[PDB]
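# Sequence first, structure after, both from an experimental entry:
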There are 2 protein chains.
Amino acid sequence: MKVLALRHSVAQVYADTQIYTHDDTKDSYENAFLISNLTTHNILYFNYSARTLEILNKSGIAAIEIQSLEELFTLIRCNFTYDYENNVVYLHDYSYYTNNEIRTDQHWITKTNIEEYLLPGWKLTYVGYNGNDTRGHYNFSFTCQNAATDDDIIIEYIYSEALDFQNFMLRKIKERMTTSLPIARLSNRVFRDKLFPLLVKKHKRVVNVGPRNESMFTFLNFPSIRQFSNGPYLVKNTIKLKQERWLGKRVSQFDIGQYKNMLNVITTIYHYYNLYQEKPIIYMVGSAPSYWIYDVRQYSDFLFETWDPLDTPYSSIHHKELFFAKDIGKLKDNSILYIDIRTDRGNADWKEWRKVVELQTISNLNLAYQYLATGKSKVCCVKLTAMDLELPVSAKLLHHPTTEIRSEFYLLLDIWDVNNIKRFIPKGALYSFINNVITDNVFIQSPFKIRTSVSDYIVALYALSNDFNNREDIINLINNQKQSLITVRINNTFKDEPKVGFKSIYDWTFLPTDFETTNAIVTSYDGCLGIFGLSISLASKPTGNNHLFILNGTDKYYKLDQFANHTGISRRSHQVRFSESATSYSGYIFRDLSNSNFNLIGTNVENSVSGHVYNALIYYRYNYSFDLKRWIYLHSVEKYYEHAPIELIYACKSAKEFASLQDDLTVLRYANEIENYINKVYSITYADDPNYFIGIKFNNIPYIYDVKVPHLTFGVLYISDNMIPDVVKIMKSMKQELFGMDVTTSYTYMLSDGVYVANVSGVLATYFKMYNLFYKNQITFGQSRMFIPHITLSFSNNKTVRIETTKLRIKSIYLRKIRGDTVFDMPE
Amino acid sequence: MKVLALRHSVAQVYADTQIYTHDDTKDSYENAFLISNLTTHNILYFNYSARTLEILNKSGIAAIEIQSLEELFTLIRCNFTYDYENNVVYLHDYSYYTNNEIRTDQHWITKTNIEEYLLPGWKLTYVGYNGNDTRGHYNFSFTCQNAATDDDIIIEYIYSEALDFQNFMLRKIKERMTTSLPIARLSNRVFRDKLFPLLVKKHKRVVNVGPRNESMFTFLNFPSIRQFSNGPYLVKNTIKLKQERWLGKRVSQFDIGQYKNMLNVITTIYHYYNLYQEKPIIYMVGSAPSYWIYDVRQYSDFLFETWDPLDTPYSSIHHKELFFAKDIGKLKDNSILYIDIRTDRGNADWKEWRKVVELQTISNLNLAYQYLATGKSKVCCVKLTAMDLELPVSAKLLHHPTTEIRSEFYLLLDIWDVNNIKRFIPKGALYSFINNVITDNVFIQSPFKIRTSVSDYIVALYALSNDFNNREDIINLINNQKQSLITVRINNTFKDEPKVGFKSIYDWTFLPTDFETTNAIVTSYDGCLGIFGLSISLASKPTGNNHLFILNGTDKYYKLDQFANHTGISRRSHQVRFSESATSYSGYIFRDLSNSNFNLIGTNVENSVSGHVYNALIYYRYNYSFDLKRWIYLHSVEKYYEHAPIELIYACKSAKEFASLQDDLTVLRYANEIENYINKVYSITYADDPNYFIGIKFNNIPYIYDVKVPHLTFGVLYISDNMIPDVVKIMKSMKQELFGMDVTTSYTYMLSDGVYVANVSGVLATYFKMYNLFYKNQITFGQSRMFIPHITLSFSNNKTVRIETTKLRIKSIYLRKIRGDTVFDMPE
Ligand SMILES: Nc1nc2c(ncn2[C@@H]2O[C@H](COP(=O)(O)O)[C@@H](O)[C@H]2O)c(=O)[nH]1
Ligand SMILES: Nc1nc2c(ncn2[C@@H]2O[C@H](COP(=O)(O)O)[C@@H](O)[C@H]2O)c(=O)[nH]1
């Protein structure tokens, strides 16, 4: 939506493409609301106060100050993510292709030969995390940087099994200039970066579920988190594999040895974090060039100590040019040891040189056992060729990709992988692992058992919703659990399909109303950006991979008009009402017809009902950022605004009817889901065949009438005959809000056959309060019909006569017994 | 399938269209099995014994004796349902259209004018229940009758809102001669007729869920059943309805007053059964012609006492030609009173004649209250026009259809509908009920709360599976419940769609493996016909509205090879193996490839594995009549046949692979559903890196070999060193089943690289038994690999050499320690 707030005396409207203008000082909250229901994508907000920007930025709507026009305004056009507490703009613009470069955020790729393999004239540069080395280009009122990088192209290529690179990047560079900016995917690495370091301090613990190599680096300075994912591959499960022979396969023009050397270490550490909640010393041998070190130090600071003949530019201590051979007792315990002692064949005979590779492998294991023989908290990660070896069963294999597959895989070990566990593995049982099994993830820790906990702050962002997880176990994990941040997918389709996918995998799909939480928000992506200190410039789409977010047990459940609020509620309706092929009164006509006020749709300008909810139900696909359920519970019990209980049912009933004609079975369910939850948090009682009624007499009715005493039957009630004395409290306590309300009549109509009446206006708000006042005193009031206030005139069938809006005022009020000869109260 | 058993010396094969022949005396149930896996639809079985027919008829396969050819054989061609205990054939042939008639089983339609409204030349006749008046036409070795009637055409027409009848029947008569005979629909009224009268005595109390007007007459002689359905419409819910005026609507050329007069009584009774498990006297007034009485007496015998000026042919006592006016104390209590006191306008003025209709209505209510003022167990059903009246809230309205809508509806009352409950109803609130609300069902009793019970024998045949019922509540109703007969729909589609429908309503879809019952059958429609004394001639289709049946807590759980047995298991495979575009060994090749015996598919003629289950998994859509789960649990614990535990996993693993290539995600689930249930009822242990092994030495190996001692490693085991003394028991107890088994070798092969071996044959059955005796003695034995028995010859790579099948015999057996220098047992 991208609100751009411009200087009062310096501000221009030009022939732009998606620009509305807004300017007012009516209210801070009410102005932001009126903005947030505006249609277009780019809005100029000419005279402003900081609090109207606060509310929007809190609502996930990116709203920012603009002080100048030449570059501060033209470059903040493009889409972005805004941290509204440190005033940093994370742009997501792929217009940097124009000066003919790609850009990464990993230093190691710059030292490859890749620029030989890019298209002619292109380069890569500006290597910083989130583009934090972009900010040197711009000089604004705010800090700014373009976090768009092409990590996708390079990393997918490695996992792509394709060999021509120019063909590859030319394909993908054309995909972005064709298809939609995946803004939600890009904004997550921003979200993840600030999401954890504050969460860790606030709760003192955290568990994450399903981390992928999106987060290879997020957690390197967080030992005290415990991540769970797909389990590892074990030596225990090589016995499955059919035998196979050397397969010389090349899948990368440019050498990516530094990438696996980075991943195998990183895997080794998250393992060490899994076992002990501490973080190690990191010894190394055989790995000099190590341009992947500087990538690591941008996140967490580790002590790297290396033994290699060649240059290690990036380390604390490069101890020797000798490679660590048997001086093994000189190592500290709190450690990991990464062994990559290797060789390179020259032109020597492969059949005889193979003998050398076998002997190193025997040695490299002897180093591993002697390491793990003495001290505790020691992990290894050792180099192996594919030959017959005696390996521990419970150990974990790794084959992160490389330049080319030529028979080697790495093994990592723990202290208990030595304690009397050993198996013999044949040769071709390893090649069968090498050649077909690519390791996908450095996070090889055990799966998350789906059950509630009370010490755990559980995060689960894109791990659950998979079809293979028990639906009810995740539901109960969400309902019967405090302390979390869970994400699940919304049922964004019609005909209520419970499982939705890509023709590869299906995922479980939810509505908001699957969950009877106790104190929790259930909002969208943009809403939770606001909760955690962020705001985004692009709105969510009605279809596509939208996801419910669920915050349990948080400080922000009571702060309703701040976060996950009624912002954005009517944005799509206003499009339908005025523009997209309908009359402006379409919603004002339908809901009265569907609630049996179909004779009268004149007074549907004002005094209609079913405001917030009817929009929340039929356009949930757009505005599920508004947690409807949280809105209702906090008005059951006053913890601004107030509507009667009755109005919410009519909002539900009309959405059913609407979804029936449309045949949108998902709204139709969602309407059923709500209305019996409305009848849950509070009951509703109906004096269907009442005994008493509240009546209002007037001085003079400016109409023709044959009924001997015209009156307004203001409401009916069914009570016991000694709760009269506490009914009369209410008439007495609000006698002037009835004498003081603008009763007006302007016309006659036909309420029904043989019942010719007037219309009364301007009274309902008092009627809705009166229903609430009687309610909590446990007094029945009102019928299941819609109370349309009317003054009876005659039992005939006549013509609607219009007069000027003539004010009527109150003779008296009275509480009358139906078919009785006496009353007991009448204010005056 | 329709097995027709022909006389030995009198039996003919002619140029017929779907005829196989079968004839053998091998073994009774093995013969029926071989039959039941035959392809075609009509089978001649030339020389037979009664027990082979018993098994099939018990298996739901209709199998019958044929003694003659001219008419006993030619007319038993057509499809039918067979009661194999009373030897009655219920034919389902619509060839009676040829002599130009329709046929009903309700006497009242014959006295209408309908034959004026049939197509020219047609008639209707032969009015008996199930066609029980057909049997006078045929003189066979068995009783027989054609239960095909055209109740559909007439009854749908009444509920169709269409007015031209010739156009109607001509449409539907053409639907049957176009589309498929719905047998699963016609055989149910047979099923329902014998299903309840035996069930009521056995369980002592029966509840049925969702009865429709399929069963208007089934239950009239069963008070002690308690039916539940959609609740009634109440006076309480007229307050919803918009006001409306007289709507003169004609929807039936022929008068169907007798139909509503039948339904309103019948509704009145099932109500009385609901309140008081009882059955009443049935007084009447205003209803003389009453040709619907004889329909009632064909099911249950009631005392009907009528007051009407005109002829009542069918009753016990037509007391007077005066109509029951105020002599009301002369009635017995245990009763229902049906009031239809009415009039017929002549040419009198409708505006003045209307006054008469109003006064009767006031009177007809006075009769109703005076009735229900004195005695207990009294139920009324009274005639009303649409006018303003003072009605009880809790009463129940009825507008079963009629000739034409001209402002009348009937009301029924109970004893508590009078006890200080009354409301005023306006005129047009009734017309709005009349004109739009057609009553659907005489069964207006309250819904079934979906929860388990221990006194209840619950039937639920086609009521559950609806999308609006909580899935888990019905699941737990099936799992956590004994004493029932539940039906649910099968997931007959691919891509595992949980809810399936007609684009009108969706219904919850199941697999068999959703349910961990304790002692229950989960079979098809045809299987349960066998259980209850029936058998059907048409097989179920792979797609269409197939339904799981679930019998809990019944005497027949242990009788495996009788009911819901392995009958029919391989019918579709044999079609695929030989005919439908594949080699006969296709299944014998695939399952070895998918279980890593892919080097060898020579010995897949015999000694293959995964027999019953692999067919039960990939063709479940055809043979879900075989409850796979019941088959497995009763072989976990011996309560004929025996296979090893190991074989069932390989059956599951191969179905996964099969369903992966096909991408049939439902088998793929169903395979996962089973294999961890296999690992549930019993564990499996694997000596993956064993310590000991069982070895077998031979006199002389007729091959070339370089290993110093060729041997058969018959099996491996991982045990403690003082469970040798109870391993040797089994070494001893089966020493001759090893010496006595037909060890044979016929060729060499390559088991793997550098391992050149022979093949051993004919030993596995002993190997599978041995696995079980070590098993229940809690001894590990076998690896996760498939044990392919082999004699090692040389560590080279050579050519398969074939020899004649040469028998090898045992020098000795021995239990050896892996890499040890001693043994401790060797039989000889
Ligand atoms: N009673 C009530 N009315 C509202 C509320 N919010 C908006 N409205 C009404 O709905 C209108 C929405 O205007 P629109 O967004 O359709 O132009 C407002 O001008 C106001 O009349 C609310 O919270 N409570
Ligand atoms: N072990 C075992 N084999 C069976 C069983 N039933 C059938 N078979 C085998 O499977 C074959 C099936 O023959 P088909 O029906 O394919 O012509 C039988 O001839 C027999 O060899 C059984 O219950 N157990």
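Here it is on my side, so go on. Residues are numbered from 1 along each chain as shown, chains lettered A, B, ... in the order given. Ligands and ions are numbered 1, 2, ... in the order given.
# going forward, measure contacts between C-alpha atoms and count neighbours the same way
Fine.
# Closest residue of the stretch 701-828 of chain A to chain B?
Nearest to chain B, among the residues of the stretch 701-828 of chain A, is residue A:785, at 6.8 Å (Cα to the nearest Cα).
# buried ones in stretch A:230-249?
Buried residues in stretch A:230-249, counting neighbours by 16 or more other Cα atoms under 10 Å in any protein chain shown, are found at A:230, A:232, A:233, A:235, A:236, A:238, A:239, A:242, A:243, A:244, A:246.
# Oh, that last question was meant for stretch A:542-551, not what I typed.
Going by neighbour count (16+ other Cα under 10 Å), the buried part of stretch A:542-551 is A:546, A:547, A:548, A:549, A:550, A:551.
# where's the closest residue to residue A:371 other than its chain neighbours relative to chain B, distance?
Taking Cα to Cα, 6 or more residues apart in numbering or on different chains, and ignoring the residues beside it in sequence, residue A:371 has residue A:328 as its nearest neighbour in space, at 6.7 Å. As defined by Cα to the nearest Cα, to the nearest Å, residue A:328 lies at a distance of 31 Å from chain B.
# Quick check, central residue of chain A?
Among the residues of chain A, the one closest to the centroid is residue A:525, at 2.8 Å (Cα atoms, centre = their mean).
# For chain B, what's the nearest residue on the stretch 601-750 of chain A?
Nearest residue of the stretch 601-750 of chain A to chain B (Cα to the nearest Cα) works out as residue A:689 at 6.5 Å.
# neighbours of the residue lying closest to that residue once chain neighbours are set aside, just the number please.
In this structure, residue A:689 finds its nearest non-sequential neighbour in residue B:423, 6.5 Å apart by Cα to Cα, 6+ apart. By other Cα atoms under 10 Å in any protein chain shown, the residues close to residue B:423 number 16.
# If I follow the layout properly, residue B:423 ends up in contact with residue B:388?
No - counting by Cα atoms under 8 Å, residue B:423 does not reach residue B:388; the two are 10.6 Å apart.
# show me what contacts residue A:487?
Residue A:487 makes contacts with A:460, A:461, A:462, A:464, A:547, A:548, A:549, A:550, as judged by Cα atoms under 8 Å, 6 or more residues apart in numbering or on different chains.
# Contact residues of chain A facing chain B?
Residues of chain A found near chain B, taking Cα under 8 Å from any Cα of the partner chain as the criterion, are A:239, A:240, A:242, A:243, A:423, A:596, A:689, A:752, A:753, A:784, A:785.
# Can you name the two of those that sit furthest apart?
Of all pairs drawn from those, the widest gap by Cα to Cα lies between A:423 and A:753 and measures 92.4 Å.
# Distance-wise, check the closest residue to chain B within the stretch 1-150 of chain A relative to residue A:186.
Among all residues of the stretch 1-150 of chain A, residue A:150 sits closest to chain B, at 34.4 Å; criterion: Cα to the nearest Cα. Residue A:150 sits 11 Å away from residue A:186, taking Cα to Cα, to the nearest Å as the criterion.
# what about residue A:768, how many residues close to it?
Residue A:768: 16 surrounding residues under other Cα under 10 Å.
# any idea which helix or strand carries it?
helix A:764-776 (DSSP states H and E).
# got the CA positions of stretch A:703-715 in CSV?
Output of stretch A:703-715 as CSV, limited to C-alpha atoms (Å, rounded to 0.1, in the frame of the first residue of the first chain):
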residue,chain,number,x,y,z
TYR,A,703,-50.2,11.6,9.5
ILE,A,704,-53.7,10.1,9.0
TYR,A,705,-54.6,7.2,11.3
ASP,A,706,-57.5,5.1,12.4
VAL,A,707,-56.0,3.2,15.3
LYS,A,708,-57.3,4.9,18.4
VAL,A,709,-53.9,5.3,20.0
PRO,A,710,-50.8,5.3,17.8
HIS,A,711,-47.7,4.4,19.6
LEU,A,712,-44.1,3.2,19.2
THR,A,713,-43.7,-0.3,20.6
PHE,A,714,-40.0,0.3,21.3
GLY,A,715,-39.3,-3.3,22.4
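# Would you mark the buried spots in stretch A:775-782?
Neighbour-count burial for stretch A:775-782, with 16+ other Cα under 10 Å as criterion, is recorded at A:775, A:779, A:780, A:781, A:782.
# how close does the first one sit to residue A:199?
Same thing as residue A:775. Separation of residue A:775 from residue A:199 (Cα to Cα) stands at 42 Å.
# What of the second one?
Spatial separation of residue A:779 from residue A:199 under the definition Cα to Cα is 47 Å.
# cool, the last one as well?
Applying Cα to Cα, the value for residue A:782 to residue A:199 is 49 Å.
# what residues does stretch A:199-216 touch?
With Cα under 8 Å, 6+ apart, stretch A:199-216 has contacts from A:189, A:224-230, A:266, A:441-443, A:447-448, A:456-464.
# Can you turn the buried part of the residues you listed into a PyMOL selection?
Those of the contacts of stretch A:199-216 that count as buried under 16+ other Cα under 10 Å are selected in PyMOL with:
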select buried, chain A and resi 189+224+225+226+227+228+229+230+266+441+442+443+448+456+457+458+459+460+461+462+463+464
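# which residues touch the residue of the stretch 251-400 of chain A found nearest chain B?
Among residues of the stretch 251-400 of chain A, the one nearest chain B by Cα to the nearest Cα turns out to be residue A:393. It sits 9.3 Å away. The contact partners of residue A:393, taken as Cα under 8 Å, 6+ apart, are A:234, A:235, A:236, A:417, A:421, A:422, A:423.
# The last one reaches residue B:689, doesn't it?
The reference is to residue A:423. Yes - counting by Cα under 8 Å, residue A:423 sits close enough to residue B:689 to count as a contact (6.5 Å).
# For the helix holding residue A:768, C-alpha coordinates in CSV please.
Output in CSV follows, covering the C-alpha atoms of helix A:764-776 (Å, rounded to 0.1, in the frame of the first residue of the first chain):
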residue,chain,number,x,y,z
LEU,A,764,-31.9,2.5,17.1
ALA,A,765,-28.6,3.3,18.8
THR,A,766,-30.5,3.8,22.1
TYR,A,767,-32.4,0.6,21.3
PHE,A,768,-29.1,-1.3,20.9
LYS,A,769,-27.7,0.0,24.2
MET,A,770,-31.0,-0.8,25.9
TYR,A,771,-30.7,-4.5,24.7
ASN,A,772,-27.1,-4.6,26.2
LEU,A,773,-28.2,-3.0,29.5
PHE,A,774,-31.1,-5.5,30.0
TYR,A,775,-28.8,-8.3,28.7
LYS,A,776,-26.2,-8.3,31.5
